[PDB]
Amino acid sequence: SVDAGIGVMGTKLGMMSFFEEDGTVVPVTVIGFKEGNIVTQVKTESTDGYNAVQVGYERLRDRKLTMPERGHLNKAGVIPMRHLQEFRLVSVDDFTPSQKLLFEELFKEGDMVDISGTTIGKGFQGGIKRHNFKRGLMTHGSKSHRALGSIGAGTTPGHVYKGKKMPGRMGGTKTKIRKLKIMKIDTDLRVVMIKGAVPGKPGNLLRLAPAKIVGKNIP
Amino acid sequence: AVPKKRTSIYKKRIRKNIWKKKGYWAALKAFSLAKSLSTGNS
Amino acid sequence: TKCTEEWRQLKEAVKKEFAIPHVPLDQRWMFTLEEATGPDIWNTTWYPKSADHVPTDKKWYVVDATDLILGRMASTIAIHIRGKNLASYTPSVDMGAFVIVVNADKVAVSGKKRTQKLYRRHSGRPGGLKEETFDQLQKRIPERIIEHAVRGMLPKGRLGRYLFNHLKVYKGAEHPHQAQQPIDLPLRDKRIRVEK
Amino acid sequence: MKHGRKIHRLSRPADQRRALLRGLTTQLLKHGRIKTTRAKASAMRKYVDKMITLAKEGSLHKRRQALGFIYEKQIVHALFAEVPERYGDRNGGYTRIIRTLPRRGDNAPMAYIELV
RNA sequence: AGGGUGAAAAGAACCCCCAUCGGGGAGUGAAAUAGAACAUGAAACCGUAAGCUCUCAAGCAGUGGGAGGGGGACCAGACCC
RNA sequence: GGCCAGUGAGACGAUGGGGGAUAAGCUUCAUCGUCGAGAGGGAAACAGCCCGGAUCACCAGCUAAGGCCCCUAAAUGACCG
RNA sequence: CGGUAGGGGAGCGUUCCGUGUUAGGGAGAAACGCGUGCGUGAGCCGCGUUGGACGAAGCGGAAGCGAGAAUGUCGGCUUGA
RNA sequence: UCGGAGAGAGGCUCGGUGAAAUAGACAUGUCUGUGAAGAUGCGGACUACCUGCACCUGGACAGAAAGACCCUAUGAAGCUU
RNA sequence: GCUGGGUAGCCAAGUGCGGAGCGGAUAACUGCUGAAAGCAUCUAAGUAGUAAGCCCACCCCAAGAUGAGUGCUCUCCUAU
RNA sequence: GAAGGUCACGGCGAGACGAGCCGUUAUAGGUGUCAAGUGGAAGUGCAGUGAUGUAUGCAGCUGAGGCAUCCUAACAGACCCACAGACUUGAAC
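Chains as they are written, first to last, in my numbering: chain W, 2 to 220; chain V, -10 to 31; chain P, 102 to 297; chain F, 2 to 117.
Pasting the structure below:
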């Protein structure tokens, strides 16, 4: 919950092979940005029950928004945007609304960033692919191949246990990949270069916020 | 494999009425198209 | 629609009024017989009419639970929620008052119960029984301790749920129900306050 | 699981899919308007448009390229002669999908495809 | 295995929907709430209409108590849902 | 003594024993209780334990066995340990 | 005046026969479906609708005489859908 | 090892036609206790809006065939000396 | 038809990332002060160390949490 | 016809169906082009009796990817919904 800095919204833009003057070949994700990461609302212990900052992203023609959202953004005096996401912090002040978040100035390279985002959707999938089950024999006359085998025990339990692993919808869900190196911040292009992989195909939103180690948070 | 008893009544009504509601939805959609048939469409 | 609605409502009012004038309905206080003299209230055991027991008219109570006995308090609370308090009692309906408890986290218990007593909830899974002590739970969520003690004494069933809601437990001393003017609760027991 | 895979199957194998698209393309070119299903129509826009595009650069090579397709010589000779006059202006998108009433004996959705 | 329109075929001219089937008016008849799938027409089963009534419930489904609501062109502390 | 039946698989508990391993909701006899064929109340539920033998009605009363913090009738009764 | 096997006593209905080609009945019988009558019960008794011609008592008689169970049996109609 | 990808026929959705074995009644939770000794139905708790569709088979001592093993019947039948 | 290549997608044998706390209460154990029992004694008052075990913390879900929470913002004209 | 919601219309890195999300004058397709794949087309010239080679030519054919451009289809339109919010107490201009 309580995040170790203010995060920043972002967009995935494929993978690059990034070299260095050693000759270490490094795999990297190009992360682009679209109008803003503008602060919208500030929540407090005073009125709202907790400390937090809401941050929009991605500009629109202001017909595609609804009256209520138009009001909520026009109260802050802000460009039309989707994707208001919160960041619950302990720190509260110096986040007054209509203030742009300089991704360039707020990270500073070699940081190890924690990126969330919704993953690739693999539909309704079987026990094997979903829960890393094994399959039965192929020959020696086995009419079982890919299946769950037995489910439960016998008359004693007399029913199927709750959260028994079964075929279901794998993918299309949020997963924080945490601790990831920032390789380069292109001043020119406004494009962050992060080591490794990141959830979803090119297009997805990403909640880009700093390392959340247990010497940083709340004992 | 096989059913233990019969559903008998009331439950079968509940089951059938949703199926008839599928029909209802189709009726709404077909009603909507009749107005589209009247005027324009180029 | 409008015409027929207004006209229908004008008939609904009149027919409502025609019956309201057919036999009338007291409150309590009263005297045995009156100028009703309809069906026999006197040789047929009393049973409450909804006109009597409405939820606004219900009494209130406050218990300060500091340095008390958990079980002994809870029994009286249960009684005053049921309505065995009142002469006009009925098992089928709730005609009992509400209760508000404050300083639930300072409630006391005898013996070595602060460590040894376990509160168990079982998630409903092949593993998950989760068992924590009296004091360990009190540090986290003290409300339950009173609440759980009370619900165990109320009659489990459709009524048991409804008249459970009437309990209002709280962590601290102050409570937000000043509007209702909840009076102090009477307490049958000698052992009820702790020795100190 | 069909992620970023774009191909109109038409319920068939590759035997018969190309056989369908070919024949439909021929008949459409011949008559100029045809009635078929929505899927059989909507899939057909890659091949009609490809062949009209092929009829822009009327050369020995491109006529054989097209003539492997149509399986009817005398339609493909109608193109090359016809096309560059009556499509010289138009830059892609030579095909319109009008859409009309389900087929009786299977509630199959239905459409018209014809040259624009 | 598979009988019972009517006393009498008087078995429905004509009109409407309409390619047929069948249907509604007309006409016949004591009756067509006797129309050829026709006489009396029980139950299961399938609906349509009205009165009340279920979405924090746990139930061999009733039973004793009975909140609130509804009546029957017949003014009941009575009676019914 | 006449006419005319069912029964002839029993079960548990107390005691006296046998068999068993003084194991068995084991088995076999002897004396008695209950079930069987017996509702009701006590025993959470619980044929066989305790109380008590259901002709039927009463929105009367007294009690047996057993109980009197709340779920759930009756003392959050008393005095001494 | 609890009651299984089981025995004994007292009854109700069903169709048909004597009485009787009775009265009662096309100003509505048998049936069929409803009753804020009756009885300890099996059952009885009045009702106006549907129905369209049969046929109560009482005193007697005789049986193809009473159904929920037979993996009964014939017919109908469900469920799974 | 240790799976992965793809093509067809199904599966899924829409329109048309349309079965089955099964079925005391089903308003058909989990835990532990109880009981003809292995309970959706009995006791105490816990959990739980109402209702589809897709998938899965642990239970309903699921369905199927009055056990074909075992033993009984002063049953049947083959075969042997 | 049979081979030889293969972009996207999907895949791993390929690439990244993960398991971290001087946070809490404990279990065996080790103690401090300290009587009953002038002494002793980890305990009867009190208190300190002290485990992959237990609870917070990490990560995903989550107010159908009928106990249905909280915040910001929009809308309440008529046959329409 | 409020706010909004649901349909329809073009789709999707979302999806069994519903759901989700984007689009409805840069959403899909087409066209143009460019990464990329494959490997040097057809036609013609020349060489060889001929199988064949060879030049024109990193060609030709693809292009599920990116980017550009309204050429085509996003036309036509439908359905649902509003009393400023029962009832009681107590602080407050």
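Heads up, the beta-carbon is just placed ideally off N, CA and C, and yes, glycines get one too.
So the candidates are the options; which of them puts its Cα closest to the Cα of residue i?
i	options	result
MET16/W	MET171/W, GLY33/W, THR97/W	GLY33/W
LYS165/W	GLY153/W, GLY204/W, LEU138/W, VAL31/W	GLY153/W
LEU219/P	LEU126/P, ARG109/P, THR234/P, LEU238/P	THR234/P
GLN217/P	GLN237/P, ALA114/P, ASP168/P	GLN237/P
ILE116/W	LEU66/W, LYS13/W, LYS177/W, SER47/W	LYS177/W
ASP153/P	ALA166/P, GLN239/P, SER189/P	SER189/P
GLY124/W	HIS73/W, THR41/W, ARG170/W, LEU14/W	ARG170/W
residue 365/P	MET254/P, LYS213/P, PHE199/P	Given a span of 102 to 297 for chain P in the structure shown, any question on residue 365/P remains unanswerable.
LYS130/W	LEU102/W, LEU138/W, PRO168/W	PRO168/W
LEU80/F	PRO103/F, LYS41/F, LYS51/F	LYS51/F
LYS217/W	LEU90/W, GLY159/W, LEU14/W, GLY150/W	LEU90/W
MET196/P	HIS123/P, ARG183/P, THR105/P	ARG183/P
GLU106/W	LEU206/W, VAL193/W, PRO220/W, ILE214/W	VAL193/W
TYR(-1)/V	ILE7/V, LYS(-7)/V, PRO(-8)/V	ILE7/V
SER151/W	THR140/W, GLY142/W, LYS135/W	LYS135/W
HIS4/F	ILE219/W, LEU207/W, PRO220/W, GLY201/W	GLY201/W
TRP161/P	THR105/P, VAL202/P, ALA250/P	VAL202/P
Apart from the five residues just before and just after residue i, which ones in its own chain have a Cβ nearer than 8 Å to its Cβ?
i	result
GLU21/W	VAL27
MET113/W	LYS180, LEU181, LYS182, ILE183, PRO211, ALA212
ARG60/W	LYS35, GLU36, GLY37, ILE80, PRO81, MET82
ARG10/F	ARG18
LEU102/F	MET111
Going by beta-carbon coordinates alone, are residue i and residue j separated by less than 8 Å?
i	j	result
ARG19/F	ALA112/F	no
residue 352/P	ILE178/P	In the structure as shown, chain P starts at 102 and stops at 297, and residue 352/P therefore has no counterpart that could be examined.
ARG97/F	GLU83/F	no
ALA175/P	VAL270/P	no
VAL9/W	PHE104/W	yes
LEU190/W	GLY11/W	no
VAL54/W	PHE88/W	yes
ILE293/P	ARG173/P	yes
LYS163/W	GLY258/P	no
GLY57/W	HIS84/W	yes
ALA166/P	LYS207/P	yes
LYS13/W	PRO203/W	yes
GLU248/P	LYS272/P	no
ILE7/W	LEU102/W	yes
With a CB to CB cut of under 7 Å and the five nearest residues on each side skipped, what residues in its chain are close to residue i?
i	result
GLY173/W	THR119, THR120, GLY122
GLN66/F	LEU55
List, in order along the chain, the chain W residues whose C-beta lies closer than 8 Å to that of residue i?
i	result
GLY273/P	Those within 8 Å of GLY273/P in chain W number zero; the least Cβ separation is about 17 Å.
Find the residues of chain F that neighbour residue i, judging by a C-beta separation of less than 7 Å, and give them in chain order.
i	result
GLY124/W	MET2
Which chain W residues sit within Cβ distance under 7 Å of residue i?
i	result
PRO227/P	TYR162
Please return the same chain residues whose Cβ sits closer than 6 Å to the Cβ of residue i, not counting the five positions on each side in sequence.
i	result
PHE265/P	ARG252, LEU255
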